[PDB]
Amino acid sequence: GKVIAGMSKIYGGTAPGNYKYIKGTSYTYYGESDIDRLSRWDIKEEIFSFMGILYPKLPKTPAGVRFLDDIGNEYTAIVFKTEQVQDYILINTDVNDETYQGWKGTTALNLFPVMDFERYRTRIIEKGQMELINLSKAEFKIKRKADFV
Amino acid sequence: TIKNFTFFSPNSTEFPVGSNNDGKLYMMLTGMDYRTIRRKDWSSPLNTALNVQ
């Protein structure tokens, strides 16, 4: 948020600065140092399957996605611990043709046995947010059901 | 009939050497059969999940 004289917490004007306690206008914090760290993959309605293209950061460190509910608790997580940095991990949660494959160059590797089976509790994603574990970039395509249209 | 290989071809057609002819030649030099190999890892192979590159 923008910095305003009298409204924001700053020691301005006459030395050695001054911030006044008013009623309603008083002092409101401008923002946060390094606000670029905050990112939210918002989930507003219940989704049933997805096709994510995950680009990993560090090798040998579990890389993938984790899902949190409305109270900040993890319910499921698709995460993989590979030996080398994959160019991308192509994941499809579709029941009919489930795919968990890693790509390096022109070579396709099945990443299913390397995956953490304990964290992946459900496929059904609930209302909340999604976090990126050891990922530099991610591209998601979400498919959500409607009974009558 | 004698089939010569490591020799000069005057009209450039006399002694053509094939892949099997050189193949047999290389086997005799190192002393190998069709049951053994000659393998060298110039760069160590990488193991990622249930795959070996």
# chains A, B, ... in the order shown; residues from 1 in each chain; ligands from 1
>>> interface_residues(of="chain A", to="chain B", cutoff="7 Å", atoms="only C-alpha atoms", output="PyMOL selection string")
chain A and resi 82-84+111+114
>>> write_last_selection(atoms="C-alpha atoms", output="compact mmCIF listing (two decimals), in the first residue's frame")
# COMPACT_ATOMS: atom_id res chain seq x y z
CA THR A 82 14.38 -37.28 -7.49
CA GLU A 83 18.18 -37.75 -7.77
CA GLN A 84 18.67 -35.08 -10.46
CA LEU A 111 8.02 -40.69 -10.98
CA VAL A 114 9.77 -41.92 -5.94
>>> select_by_dssp(residues="chain B", states="helix (DSSP H, G or I)", output="list in words")
residues 19, 20, 21, 22, 23, 24, 25, 26, 27, 28, 29 and 30 of chain B
>>> residues_around(residues="segment 36-53 of chain A", least_positions_apart="3", cutoff="8 Å", atoms="only C-alpha atoms", output="list in words")
residues 88, 89, 90, 91, 92, 93, 94, 95, 123, 124, 125, 126, 127, 128, 129, 130, 131, 138, 139, 140, 141, 142, 143, 144 and 145 of chain A
>>> select_by_dssp(residues="chain B", states="strand (DSSP E)", output="PyMOL selection string")
chain B and resi 47-48+51-52
>>> write_last_selection(atoms="N, CA and C atoms", output="compact mmCIF listing (two decimals), in the first residue's frame")
# COMPACT_ATOMS: atom_id res chain seq x y z
N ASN B 47 21.56 -42.52 -12.01
CA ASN B 47 20.40 -43.31 -11.56
C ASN B 47 19.33 -42.39 -10.98
N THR B 48 18.21 -42.24 -11.69
CA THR B 48 17.07 -41.41 -11.26
C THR B 48 15.86 -42.33 -11.15
N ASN B 51 15.10 -46.03 -12.96
CA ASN B 51 15.65 -45.83 -14.30
C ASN B 51 17.16 -45.56 -14.22
N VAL B 52 17.92 -46.07 -15.21
CA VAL B 52 19.37 -45.88 -15.30
C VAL B 52 19.76 -45.26 -16.64
>>> residues_around(residues="residue 6 of chain A", least_positions_apart="5", cutoff="9 Å", atoms="only C-alpha atoms", output="ChimeraX atom specification")
/A:12,18-20,25-27
>>> write_last_selection(atoms="C-alpha atoms", output="compact mmCIF listing (two decimals), in the first residue's frame")
# COMPACT_ATOMS: atom_id res chain seq x y z
CA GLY A 12 8.38 12.47 9.35
CA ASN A 18 6.53 12.35 14.48
CA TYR A 19 3.55 9.97 14.09
CA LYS A 20 0.21 10.98 15.68
CA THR A 25 -7.10 7.91 10.60
CA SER A 26 -4.25 7.35 13.23
CA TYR A 27 -1.42 5.04 11.95
>>> atom_distance(atom1="atom CA of residue 77 of chain A", atom2="atom CA of residue 65 of chain A")
5.8 Å
>>> residues_around(residues="residue 120 of chain A", least_positions_apart="5", cutoff="12 Å", atoms="only C-alpha atoms", output="list in words")
residues 64, 65, 66, 67, 74, 75, 76, 77, 78, 79, 80, 93, 112, 115 and 125 of chain A
>>> atom_distance(atom1="atom CA of residue 31 of chain B", atom2="atom CA of residue 3 of chain B")
21.5 Å
>>> atom_distance(atom1="atom CA of residue 113 of chain A", atom2="atom CA of residue 86 of chain A")
15.4 Å
>>> residues_around(residues="segment 8-23 of chain B", least_positions_apart="5", cutoff="12 Å", atoms="only C-alpha atoms", output="PyMOL selection string")
chain B and resi 2-3+28-30+32-34
